[PDB]
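We begin with a single chain expressed as structure tokens, specifically the form deposited in one PDB entry.
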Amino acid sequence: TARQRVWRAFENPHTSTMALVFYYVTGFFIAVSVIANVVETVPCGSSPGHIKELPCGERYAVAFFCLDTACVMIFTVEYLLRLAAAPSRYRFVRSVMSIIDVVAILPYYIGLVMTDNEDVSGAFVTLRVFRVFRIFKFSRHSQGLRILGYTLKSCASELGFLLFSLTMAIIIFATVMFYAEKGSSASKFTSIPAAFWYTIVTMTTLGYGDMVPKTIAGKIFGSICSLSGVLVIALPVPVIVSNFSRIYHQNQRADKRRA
């Protein structure tokens, strides 16, 4: 029944002090890995023996590699233990969180096996991006009751419909703006996909201001887009508020049910 004990330690950390300490140390390692990934891109000053400043990941490549490999060893042993402790190993692997784990650790090994092609580009940057997946294990650690997550799932149909309507509106407004502004001087509306950027920025009430209309027709349709954007940004608030109230009351009723 050893698998039962280790699985109970993993899936339920507060039951045993050993489970709690393992949970806390692996959370600490997750946090240090995230911070190391963020910090290795910060340029170090004083330009030691170089024309320009180097990032922390290049000036201290060995140190950051040691930190990354320590974090990856911890994550790998933890994942293998979870795999060997799962009552249904196939079902555990089919879980989304196991997918997050595997896609978080495998970038390191892929970078290892491509050491011969050290000058790799496009795939190297993509692997370094995929290292961001380690953050998603925080929600395994900050696994507090997902009342907001449950309410977001409660509005999944509304969000899907809102995204479809947003796609329709974006295409329509982008067509209109491109044809209203294709002819301006040094125009940034060089195509309908180019106006996708303006439309998505306007309908979310960002307004960066890099692409702004310069024609009277362009400004009229940009105003229509702005009002549609006000509606877009404003709709979800009462929906989420009502759903959150309902779910919180359901959870309190379940609490008084279990008591």
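Numbers follow the displayed sequence, beginning with 1. Rigid core: the largest C-alpha set superposing within 1.5 Å between the two forms.
What comes next is about the form deposited in another entry, which is not displayed.
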Problem set entry | Rigid-core fit between the shown form and the other one, the member of 73, 113, 84, 156 whose C-alpha shifts 2 angstroms or more | 156
Problem set entry | Core fit, then residue 232 C-alpha moves 2 Å or more between the shown form and the other one | yes
For this session: Using a rigid core alignment, state whether the CA of residue 183 is displaced by 2 Å or more between the shown form and the other one.
Result: no
For this session: Compare the position of the CA of residue 209 between the shown form and the other one after a rigid core fit and state whether the shift reaches 2 Å.
Result: no
Exercise. Since the CA distance of residue 252 and residue 9 differs by 3 Å or more in that other deposited form, is it closer or farther than in the form displayed?
Worked result: closer
For this session: Indicate closer or farther: the Cα atoms of residue 144 and residue 19, in that other deposited form, relative to the displayed form, with a change of 3 Å or more.
Result: farther
